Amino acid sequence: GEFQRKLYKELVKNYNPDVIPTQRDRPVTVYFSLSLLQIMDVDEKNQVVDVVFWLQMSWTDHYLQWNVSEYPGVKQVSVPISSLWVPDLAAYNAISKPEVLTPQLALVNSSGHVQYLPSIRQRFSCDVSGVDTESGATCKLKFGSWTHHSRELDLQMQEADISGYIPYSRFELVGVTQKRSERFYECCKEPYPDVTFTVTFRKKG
């Protein structure tokens, strides 16, 4: 509609997608969770697990807000992530580049809340030696901001979800636990937060 056009113009001026949208003191809080969809493969020789999953990232970008009074009907807009600042979350123990399976777009409402919900295929380092046993094998999928510490970027866990796991896989999904951690490094002076998704699974039969 004619109003979305008007809005793109206003929101786009001065906007810089390379600059994390902090405000005086307040870090950007980034809510994060992972839903396991499928375990594509297990490589018992090179110790790697190949998985497809869905990620929810949401946060508030205060530069991306508007009064609905000035833009009737416009409650939300779809925005290519290349035009937005987005959390630089990385899988700390990945051994392959993430392959994003879905359109690289984010939903953004009038409050400047942003939802990026990408589906991803990625391989990880893991001891899968236990996959053929009753105890199964346990893989940690550990994520955190690559370059923003806790006081710029405040990573928080959202309630996880296992309802998405495909029933006909050859791998039974035993469980998925979720943990938020925070540590300093001898390197930098600020602490860094991470979220680890611990997945346990075994071969059916």
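Basically, rigid core = biggest C-alpha set you can superpose within 1.5 Å across the two forms. Residue indices: 1-based, along the sequence shown.
Across the superposed structures in 4 other deposited structures of this protein, aligned by the core, the stretch whose Cα atoms lie more distant on average is 67-75, chosen from 67-75 and 107-115. When the C-alpha B-factors of 189-197 and 20-28 are averaged, 20-28 comes out higher. According to the PDB record, 153-161 carries the higher mean C-alpha B-factor of the two stretches 139-147 and 153-161. Taking only the listed residues 120, 74, 89, 107, the entry reports the highest CA temperature factor at 74. Sorting 59, 53, 171, 66 by the CA temperature factor given in the entry leaves 66 at the top. The PDB entry assigns residue 112 a C-alpha temperature factor belonging to the middle third of its chain's modelled residues.
When the modelled residues of the chain are ordered by their C-alpha B factor, residue 129 lands in the highest third.
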